[PDB]
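Those letters in the sequence shown? Residues 89 to 232, per the UniProt record's numbering, in order. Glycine included, every Cβ here is placed at the ideal spot set by N, Cα and C. Before any comments, here is the structure.
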Amino acid sequence: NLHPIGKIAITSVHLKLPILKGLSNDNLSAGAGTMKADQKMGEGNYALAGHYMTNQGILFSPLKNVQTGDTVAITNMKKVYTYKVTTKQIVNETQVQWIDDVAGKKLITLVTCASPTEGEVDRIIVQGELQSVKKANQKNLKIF
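See the structure below:
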């Protein structure tokens, strides 16, 4: 009853989660929440945040194991957008610049806490560049 607007797959770390609109605590506990009101898949910098771990278990923690070169796919069930990871950082929560649109680039930015410890101030950032956009068919949707 959070009404997902998509799904995210990172095959390299066996992550498959719903994409939800906004960073409600429920959204962050269930999957990847859109960090900006006006972002679109395959445009500017598409920013997604998820909790490191929930009561249930691991959620966006796998981001710590993502490597430069790994593929990240998102879909809205119209098109499938595949990104290639270009960097992974541990950064301070103050570094808001990481989610900003970057002129002439099509980026995805994935954010989670650097650990599950209470009052964690650092964030794992995985960022990638758009490699392909497809029609959401049988072939392209298999990974979700």
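Judged by DSSP in its simplified three-state form, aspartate 114 adopts helix. Taking each of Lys222, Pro204, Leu151, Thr174 in turn and checking the Cα distance to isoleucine 98, the smallest one comes out for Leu151. Of the candidates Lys104, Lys223, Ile178, the residue whose Cα lies closest to the Cα of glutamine 215 is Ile178. In this structure, the CA atom of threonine 159 is about 18 Å from the CA atom of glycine 138. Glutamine 144 is not a Cβ neighbour of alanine 135, given a cutoff of 8 Å. Across the set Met141, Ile96, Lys104, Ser117, the C-alpha of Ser117 shows the shortest separation from the C-alpha of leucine 90.
With fewer than 16 other CB atoms across the displayed protein chains lying within 10 angstroms of its CB, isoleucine 146 is exposed. Residue environment for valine 221: exposed (fewer than 16 other C-beta atoms within 10 angstroms of its C-beta).
Around the C-beta of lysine 95, 16 or more other C-beta atoms lie within 10 Å, and the residue is accordingly described as buried. For the pair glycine 121 and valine 168, the Cα-to-Cα distance works out to about 18 Å.
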